[PDB]
């Protein structure tokens, strides 16, 4: 009910735009400080942005002035959380500067994802990893500031179903995944992709392979480290492709469980339907009512058909069936528009509010 002033870095970029759209409509986060390039600084948001979203620029921000991306620019020192939609080329130094100036940063860049003090949180899976924040502060000589990184959409679309499986049936041994990723990802030139498939997305396989164990793992009982799902880490092998689709990342997944016997198809269907997470239990405003939708039709999910599901649902799965090689295989879909980078970072921040990590 009392407002919390927030910042958006990279405000003119597409992620920044979405942050702005969602935060204007938010029940307690209040847009207070926008950061963009040196070329845009000093201009009003409305005049410098190339607004690429269906609905129009909100009134609250039309006449807000974009500033340089530093912690001592106008408004930023009063922000209780600063959201970052910056590209990795510039995000590292800047996000570090905001944190060094004792501000709280929710990032979407790669720069801090593997940092051993910085949580990498998929909000529908591992918000508990906020427990390491005090130790991050202490180690930097900070009282208030820290960094949390949000995961990318293809990783999210995979680990959410995996988390539901681990919660219901215990740890996973082995995971194989092939992705078919839409172009909203980011960009991709039409020449590269039309009437084609590009079987490489650089860095993407390695992200899924490494990050899955961080995200599905825990924090050590002392709250000073990530266990990365040790001692027995999940074996993950990915192949990531790009397809000529605007929105919707599809994943084809095979799973082997550590425990025997493996569940039946029906038990796996139920595990997905029933899955509920901390963020829903805390009742944060941006959490969906339904975490995973199970499709019964044999040819679903499909990215173009199964966007904007009911109950705010953002991940879905289908074609759940036996795998002659492992235990179970299936197809999953993430609506990377609804559960994009901005939405994930916001839900993460809402949870930090509930835990008293933000004022």
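Residue numbers count along the first chain shown, from 1.
According to the entry, the stretch of the deposited sequence that connects residue 186 to residue 187 contains 1 to 3 residues lacking coordinates, which leaves a short gap in the model. Checked against the record, the higher mean CA B factor of 46-54 and 64-72 lies with 46-54. Once the C-alpha B-factors are averaged per stretch, 176-184 and 205-213 rank with 205-213 first. When the Cα B-factors of 302, 38, 308, 316 are read from the PDB record, 308 comes out highest. When the C-alpha B factors of 158, 88, 164, 284 are read from the deposited coordinates, the top value falls at 88. Looking at the C-alpha B-factors along this chain, the one for residue 339 belongs to the middle third. Residue 227: CA B factor in the middle third of modelled residues in this chain (values from the PDB entry). When all modelled residues of the chain are sorted by CA temperature factor, residue 296 is found within the middle third. In the deposited entry, the Cα temperature factor of residue 347 sits in the bottom third of values across the chain's modelled residues. The deposited CA B-factor of residue 119 belongs to the middle third of values across its chain.
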